């Protein structure tokens, strides 16, 4: 499903961001590097073989522009983070455009990635 990839690329840029890497106290050395993984919301299985699919939202503005909203959680070796982002379609049936992207980490201050 294309919706899943939408969150995959969003979490990838968020987990590789050095700014957020400091909040999760991640690391990166020749002896061992930290790796982060994320998923939609509540879950209790593995892969897509049998679990809850990711849900997506679509809304049009006064101009008729449809916007998409996707939110998911991320689990690191030190804690779990929440990523929320907003995207809008440009022209028509084209690549989604993100306008707002930020994360919330427990014990740390919320950090925006786009804004």
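Residue numbers (the numbering used here): 5 to 119.
Positions of the beta carbon are idealized from the N, C-alpha and C atoms, including for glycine.
| said: Closest to residue 118 by C-alpha separation, out of 94, 99, 90, would be which residue? | reply: With distances taken between Cα atoms, residue 118 lies closest to 90.
| Three or more beta-carbon pairs under 8 Å between the stretch 39-56 and the stretch 6-24, yes or no? | Using a Cβ-Cβ distance cut-off of 8 Å, the stretch 39-56 and the stretch 6-24 are in contact, since at least three pairs of beta carbons, one from each stretch, lie closer than that value.
| message | So the candidates are 28, 93, 27; which of them puts its Cα closest to the Cα of residue 73? | response | For the residues 28, 93, 27, the minimum Cα distance to residue 73 belongs to 93.
| task | Quick one: residues in its chain with C-beta nearer than 8 Å to the C-beta of residue 60, no 5 flanking neighbours on either side, listed in chain order? | result | Within the same chain, residue 60 has close Cβ partners 7, 10, 72, 73, 74.
| query | Does the beta-carbon of residue 80 have 16 or more other beta-carbons within 10 angstroms, so that it is buried, or is it exposed? | reply | By the neighbour-count rule (16 or more Cβ atoms within 10 Å), residue 80 is buried.
| request: Report the residue from 25, 70, 96, 50 whose alpha carbon sits nearest the alpha carbon of residue 37. | output: Looking at 25, 70, 96, 50, the one whose alpha-carbon comes closest to that of residue 37 is 25.
| task | Could you tell me whether any Cβ in chain E is nearer than 8 Å to the Cβ of residue 74? | result | The structure shown contains no chain E; it is built from a single protein chain.
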